[PDB]
Amino acid sequence: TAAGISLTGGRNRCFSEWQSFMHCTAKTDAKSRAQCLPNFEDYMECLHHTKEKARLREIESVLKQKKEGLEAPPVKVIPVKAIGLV
Amino acid sequence: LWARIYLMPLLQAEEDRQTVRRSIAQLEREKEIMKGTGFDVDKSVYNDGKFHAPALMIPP
Amino acid sequence: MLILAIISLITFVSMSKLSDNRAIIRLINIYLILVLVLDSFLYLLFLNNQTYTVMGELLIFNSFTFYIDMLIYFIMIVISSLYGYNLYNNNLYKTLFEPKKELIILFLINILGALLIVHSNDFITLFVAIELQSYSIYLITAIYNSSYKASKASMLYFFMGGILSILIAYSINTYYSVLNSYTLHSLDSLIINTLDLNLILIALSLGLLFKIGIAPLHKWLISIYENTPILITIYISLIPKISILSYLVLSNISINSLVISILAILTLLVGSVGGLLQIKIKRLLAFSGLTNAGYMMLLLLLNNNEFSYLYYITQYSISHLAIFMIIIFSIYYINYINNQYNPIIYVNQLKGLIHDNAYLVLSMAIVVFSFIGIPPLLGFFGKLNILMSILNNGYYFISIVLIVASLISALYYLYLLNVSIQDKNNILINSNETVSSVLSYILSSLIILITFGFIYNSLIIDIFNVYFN
Amino acid sequence: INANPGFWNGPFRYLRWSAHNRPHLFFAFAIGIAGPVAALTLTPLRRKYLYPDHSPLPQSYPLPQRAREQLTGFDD
Amino acid sequence: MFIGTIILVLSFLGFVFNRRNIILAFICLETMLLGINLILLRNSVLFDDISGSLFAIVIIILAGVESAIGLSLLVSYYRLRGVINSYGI
Amino acid sequence: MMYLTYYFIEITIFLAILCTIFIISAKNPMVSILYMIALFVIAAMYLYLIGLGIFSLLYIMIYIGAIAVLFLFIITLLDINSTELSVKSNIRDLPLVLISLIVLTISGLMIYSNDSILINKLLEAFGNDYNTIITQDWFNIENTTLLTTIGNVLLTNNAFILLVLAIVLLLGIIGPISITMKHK
Amino acid sequence: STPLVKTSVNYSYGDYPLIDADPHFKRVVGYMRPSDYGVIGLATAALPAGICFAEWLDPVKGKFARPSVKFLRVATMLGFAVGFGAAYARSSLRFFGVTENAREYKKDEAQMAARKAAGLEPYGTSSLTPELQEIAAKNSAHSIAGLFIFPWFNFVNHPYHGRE
Amino acid sequence: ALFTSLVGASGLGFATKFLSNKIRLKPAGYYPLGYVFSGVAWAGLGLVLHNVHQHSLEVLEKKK
Amino acid sequence: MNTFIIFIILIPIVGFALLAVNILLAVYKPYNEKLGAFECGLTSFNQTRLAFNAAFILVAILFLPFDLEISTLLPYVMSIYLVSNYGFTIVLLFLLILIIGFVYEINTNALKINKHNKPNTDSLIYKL
Amino acid sequence: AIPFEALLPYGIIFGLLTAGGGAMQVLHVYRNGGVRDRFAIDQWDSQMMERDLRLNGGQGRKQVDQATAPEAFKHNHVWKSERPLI
Ligand SMILES: CCCCC/C=C/C/C=C\CCCCCCCC(=O)O[C@H](COC(=O)CCCCCCCCCCCCCCC)COP(=O)([O-])OCC[N+](C)(C)C
């Protein structure tokens, strides 16, 4: 089996969540198995980023509904040629 | 390979320092955008307590 | 043993002349028998239902898979006897039944594909095995390329099986896209509760099930069965059905599925009713196969299906082999040979078979009544076990539909016996040539199993309780 | 004239016949089988007399199999 | 995954509603397999997981063998008839 | 740059749609084979864009270099009859084509979601309005690429699959010979 | 020779104690009993005997003729193959503690004690890295269950033998 | 009883030989040695089944 | 915009430019006799497709499995050190299996075009 | 004798390839700022060259061997924002 192996032969992007969920399933039984629901949730989150996309949708909706200015250290986009300039 | 092994810790330490800095920065930015609204910006989307640098930014 | 036989056969057949064909088949026949009797003891590994993952978790071996492998070996032995042994030694029978040079290799490769499907623990194993079996079966359908019907059938098989292979591949890749996994072992009760896999798993089930021809996608396979040479039809209508059904039984990915319930009902109705107006023997037997596939499809709706599935598939395989052998034996007594690939075509050509060979008709009667389900023949106990399973799990309407389909299909089963026990005007007095001793003994052994196997029912259940619990 | 004398009748005569009359196949086969046979029969001899196998290369950071020591130096 | 999905669906519709020639059926099979492989490879990239790419490689090899056998079947079918009808099957 | 180079993936998608339509509508089946070759070049373009240029090269090597060549070889040697696309023959399919298009496309986008509600299932399909953050680390010291990793897992973790594939290729030799050659 | 993964310890495959969960090919052959060699000889005889007896029952060409020597030779080789497979499986099942294994258990105890006296690894030194040893063990362990389908053997000196 | 199992299985073999003689349109006692061979073979199968069943019962009892 | 992409764009441009120059500068005077296919100066009748030999089909069909066999060794040569001795054994087994198929092809004489007409070797016998 | 007119076209080909390669080498070195090209660079080398750009002020492959980084190195870190692979 190639499960857990990344494109470079190491551990794939979501290996940690999957391994913690597998630890959970190994320690519990069929009756207790639902106790492992959070771990599996985290695993699926890593796979698909669904809650993260929802949270970003919420933040962006509130952002585009604001005319007041933002005063925080910002993000700046630069050309690849300008990596390290100035 | 052993030369790269001996350089790995300092490069990863620098990168970890940057990961922390930018993650905390993004949390501060988002909580400032969400000020005045009923939404927790500090609540993780994961259930474990572990540090999770963001994937998935808003396009700049 | 199988891989070794395939390698050795390719070399040996390459260095052999076309006249050695039957001899070569005989050799492989005895080889298979030896493997069955010297390697049987390995059943001990599975005492108390011990399961083994093998090949880096690509393969799964348990008592269920070991039994299916033994059954497939037995079927291959029986079918290869029909190519290695002449029914009669006259010129007509040389023309009717001559094995092709590469047919034995194609059979052994197809058997390998089937056994790999049965043991598949990962989806990549499943897909490679499915394509191995599919490609082999296309080539088996085509290898009698002087026949127009066989070549057309092979093309139809290639295209429909390709579309269904694509459906299976797409199912597997959607499963991977949802779970980042290729194994059903990663499914838990918690995962099944948390996620909706039903559409993916039913898509996989349907892709597999349409490949053995359940309704409403039954006509294409029935056409292929009609249009192949009869000794090819005996093989290709049985082995894929066993392999695919066994995999689905062991996987249990469609429990209490509404869609599978509806398709099983439709399959029972189509198989029973659509067999009624058939006048060709192979089309009649193909509709019988469809109905028995619906019976076995019902077992995909429940857990703890192993005993009833294994019993049903075993007795059905025995009966299918017996009825095809009887039809082959009756060729000697018919007036009109339709062509060299299908010497007998119409049920009416069996008219008055009792006056030519009474005990052949007794064998036919036993097999037909087993298909109907008369006790104490094996078919009755197969149907009884299936009814116990489905009523234990609340499938009441389906049990009624099962009863109705059984009654309806009895009509076309009795058609064979009915014409076979009527009178014919010119009956056989004597003939100097006797049919082969080997094939007659094999047919008689099958008949005796169908007749007296029930005597071992309680002993069989006792053994099953220690190897499957 | 020359014709296949049958391998099973006599092995060495058939091998001679092949080397004389089917050199392409004969030497393709000789070269092909030389490899695995040489591997099985010669690699232990090379290990015993010529040189042993080399020490493995690291594939990742070699993590100590131990507990963290308390250490001192370069502090804040 | 859009490009693979569209390729697969359109190739399937072309196969089904083909009423023109048998080569179109062969082509639609090949391109349905291509679409499936594209979907799989995108998921393999997004998970950083070698299993998808391994399956894609196997799919490529099997598509080659399936092409070889399908065209052998077509040639054997041609041998008896000398032509392929626009219903040639 | 940016405008074109941002929508390269979308351009490949549009070109793929067009190429499939041209495959199905071609008058000459040889022209259909050529449009299939075009579709495979487009697929190689997409695979390069998502980071799999090795699969781009493999697809060019195998599907164009081998499979399309066999396609053309066969259509050259064989006598094929074909009819042209026409209203008389094909407008009768338009209702079923439309219903099937909508149903199959929507379902193929919905099979990926994990939401209970069907409309949410379909909505998640069009839900990537966000950029992925690409980050660096220093844990990989070897020069291991996709091809090397495939070799590593195929020859060790999944060696059985390689040997079974060897049997499948054996079939791809023995079968064609069995049905295209007449012995004796 | 240090295992990378946790294995079960002295697990019961049958009614007898475990000797070796994935015995090396050399040990499986070396521990064979004279009865296993009788099996090999029986299969080597049985396959050509079967081909001749089949000829007798129902001649391929009407008149009985002894099968030619090419078929007898192929039958002898394939019969030896079946016999060796059966003998290998019988010895293996003794190593799993599925059949009776007292003689083998004693002999393994003596052999391991001698090697420990000699300072050697109980299961030998491998030319493979431990990761490849693990993959090899997970490819060969219990592969004898697939004897009907394919042959697979343990040729690797790995540490994953299921003992203490 | 093992002896009764052997008699019954040998009778199954006798029935097989008889039916094969009849299907070949031959008299019941056509090649009487075949009755012995068939009976012996089917008795062997019956013996194998009997031994496997006995072992199964032994196992079921030893877990008590 | 590295040299690779610029060069790859530039090649077809030059081909098209040469084609355009030829179209622009050469005369173009088609007429019926010039438009005939050149077959040694004569005209032949249109014919049903020639019946071909099976070896012609077989070379092209067998190219694909052998090509796939060869190309499946690319992952091995790119991973030889990593898989060293285990993978070396595995790749040997894979090669041997494919060589059995090569043996089948060679012994069946699958790519040989047999000259159908052969000299008659029958003796001349006279009934005296 | 050696036929020199038959060698003239070979000489033209040899001279063209030689001069083109020498010119290409000079152009590559000039593009590199006075050093030879890098070849067969893996992901590690790619990241190292990006870090070099952050340290030397965007001056291509210029190297600096001073123990301590400048202040700007703390704040010219780049993450990449990759468009959704649809
Ligand atoms: C000396 C070597 C001869 C062995 C060769 C066997 C070849 C099998 C060929 C064809 C299959 C026919 C049916 C197999 C019998 C099942 C045995 C069993 O009890 O099945 C059980 C599982 O029950 C089931 O699921 C239900 C099975 C449904 C059977 C339905 C047919 C009943 C009628 C048969 C009457 C018996 C005739 C006896 C004649 C005196 C598995 O038993 P097991 O896995 O522990 O293996 C047995 C130990 N063995 C390997 C040494 C033999």
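Of C:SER8, C:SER308, how do they rank once you tally other Cβ atoms within 10 Å and put the fewest first?
Final ranking by Cβ density, sparse to dense: C:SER8, C:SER308.
Students often forget the sequence filter, so: which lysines lie under 17 Å Cα-Cα from A:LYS76 once same-chain residues fewer than 8 apart are removed?
The qualifying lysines are J:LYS74, J:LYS80.
How large is the charge dipole for chain E, taken about the Cα centre, if only the Cβ atoms of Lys, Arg (+1) and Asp, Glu (-1) carry charge, to the nearest 20 debye?
Computed about the Cα centre, the dipole is about 520 debye.
If one takes the longest principal axis of the Cα atoms in chain C, at what angle in degrees, from 0 to 90 and to the nearest 10, does the Cα axis of helix C:63-84 lie?
The helix C:63-84 is inclined about 20 degrees to chain C.
Mind telling me which of F:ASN140, F:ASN90, F:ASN28 comes out most flexible in a GNM of chain F, alpha-carbon contacts under 10 Å?
For chain F, modelled as a Gaussian network with Cα springs under 10 Å, the answer is F:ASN140.
If I histogram all Cα-Cα distances within chain C using bins 10 Å wide from 0, what percent of pairs lands in each bin?
Percent of pairs per bin, in order: 4, 20, 32, 28, 13, 3, 0, 0.
Helix by helix, which DSSP H runs in chain E go 30 Å or more along their axis at the Cα atoms and have an average Kyte-Doolittle hydropathy of 1.0 or more?
Those that pass (Cα extent of 30 Å or more, hydropathy at least 1.0) are E:22-47, E:50-81.
So what's segment F:5-184 giving for Rg/Rh, alpha carbon basis, Kirkwood Rh from the mean inverse pair distance?
That ratio is 1.04, to two decimals.
Let's test the formula: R0 of 60 Å, r as the Cβ-Cβ distance of B:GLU28 and J:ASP37. What FRET efficiency results, to the nearest 0.05?
0.85
I'm checking a number: the convex hull volume of the Cα atoms of chain D, normalised per residue, in Å³. What is it?
Taking only Cα atoms, chain D has a hull volume of 227 Å³ per residue.
Extending each Cα 7 Å along its Cβ direction at J:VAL29 and G:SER127, get the distance between those two points in nm, one decimal.
4.7
Hey, with R₀ at 51 Å, roughly what FRET efficiency would J:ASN56 and C:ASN198 work out to, going by the Cβ-Cβ distance, to 0.05?
0.30
For chain A, what class follows from the C-alpha gyration tensor (a ≥ b ≥ c being the square roots of its eigenvalues): rounded when a/c is under 1.5, otherwise prolate if a/b is larger than b/c, else oblate?
oblate
Of the listed peptides I:71-77, D:15-21, what is their order by residue-averaged count of other C-beta atoms within 10 Å, with the highest listed first?
Highest mean packing first, the order is I:71-77, D:15-21.
To one decimal place, what orientation-averaged projected area in nm² is obtained for the convex hull of the Cα set of chain J?
Taking the Cα atoms of chain J, their convex hull projects to 11.4 nm² on average.
Could you tell me whether chain I comes out rounded, prolate or oblate from its Cα gyration tensor? Rule is a ≥ b ≥ c as square roots of the eigenvalues, rounded for a/c under 1.5, then prolate if a/b exceeds b/c, otherwise oblate.
oblate
Ranking G:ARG90, J:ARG38, G:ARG115, E:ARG20 by Cβ neighbours within 10 Å, fewest first, what do you get?
J:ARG38, G:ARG115, G:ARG90, E:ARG20
Over all residues in G:98-105, what is the mean tally of Cβ atoms on other chains that come within 10 Å of each residue's Cβ?
The shielding value for this peptide is 1.
Quick check: pseudo-label points 7 Å beyond the Cα along Cα→Cβ at J:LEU17 and A:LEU63, how many nm apart are they?
For J:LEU17 paired with A:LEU63, the spin-label model returns 5.7 nm.
Given DSSP loops and a limit of at most 14 other Cβ atoms within 10 Å, what is the longest stretch of chain B that contains no such trypsin sites (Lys or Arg not before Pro)?
For trypsin sites (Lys or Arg not before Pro) (loop position, at most 14 other Cβ atoms within 10 Å), the longest site-free span of chain B is B:1-34.
Let me know the Rg and Dmax you get for segment C:266-387 when you use only its Cα atoms, in Å.
15.8, 51
Which value in deg cm²/dmol, rounded to the nearest 500, describes the helix-derived mean residue ellipticity at 222 nm for chain C, given -39,500 (n - 2.57) per DSSP H run of n ≥ 4 and division by the residue count?
Rounded to the nearest 500, it is -22500 deg cm²/dmol.
If you line up the long axis of helix C:358-372 against the longest principal axis of chain C, both from Cα atoms, how many degrees apart are they, to the nearest 10?
With rounding to tens, the tilt is 20 degrees.
For chain C, find the longest principal axis of its Cα atoms and tell me its angle to the long axis of helix C:123-142, 0 to 90°, nearest 10.
Approximately 20 degrees, to the nearest 10.
Can you tell me which of G:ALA118, G:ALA49, G:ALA141 moves the most in a GNM of chain G? Springs connect C-alpha atoms under 10 Å apart.
For chain G, modelled as a Gaussian network with Cα springs under 10 Å, the answer is G:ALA118.
Would you kindly compute the Cα radius of gyration of the protein assembly as shown and its largest Cα-Cα separation (Dmax), both in Å?
Rg, Dmax (Cα atoms, Å): 35.3, 126.
With a length cut of 27 Å (Cα positions projected on each helix's long axis) and a Kyte-Doolittle mean of at least -1.0, go through chain G and give me the DSSP H helices that pass.
For chain G, where a helix must reach 27 Å along its axis and average at least -1.0, the hits are G:34-57, G:69-96.
Treating chain H as a set of equal point scatterers at the Cα positions, no solvent, please give the Debye-formula log₁₀ I(q)/I(0) at q = 0.18, 0.19, 0.20 Å⁻¹.
Those come out to -0.66, -0.70, -0.74, one per q.
Who wins for biggest fluctuation among A:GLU68, A:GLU17, A:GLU58 in a Gaussian network model of chain A, springs between alpha carbons below 10 Å?
Its mean-square fluctuation being the largest, the pick is A:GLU68.
Return the average number of partner chain Cβ atoms within 10 angstrom of each residue Cβ along peptide C:85-94.
Across C:85-94, the average partner-chain Cβ count within 10 Å equals 2.
Does anything in segment A:42-86 have its amide N under 16 Å from the 7 Å Cα→Cβ label point of F:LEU123, and if so which residues?
Taking a point 7 Å out along Cα→Cβ of F:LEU123, the residues of segment A:42-86 whose backbone N falls under 16 Å are A:50-62.
Once you average over the residues of G:6-17, how many Cβ atoms of partner chains fall within 10 Å of each Cβ?
What the average comes to for G:6-17 is 2.
Give the order of C:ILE202, C:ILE262 when sorted by the count of other beta carbons within 10 angstrom, beginning with the fewest.
Fewest-to-most Cβ neighbours within 10 Å comes out as C:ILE262, C:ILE202.
Could you tell me the calculated FRET efficiency between F:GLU84 and H:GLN54, based on Cβ-Cβ distance and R0 = 60 angstrom, to the nearest 0.05?
0.20
Are there trypsin sites (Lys or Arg not before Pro) in segment C:202-252 that DSSP puts in a loop and that have at most 15 other Cβ atoms within 10 Å, and which ones?
Filter output for segment C:202-252: empty list.
What distance in nm lies between label points placed 7 Å from Cα along the C-beta direction at F:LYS182 and J:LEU85?
In this crude label model, F:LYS182 to J:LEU85 measures out at 5.3 nm.
Every number here is computed from the coordinates shown, using simple stated rules; none is lab data. Here the Cβ is made from the backbone with ideal geometry for all residues, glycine too, and neighbour counts use every protein chain on show.
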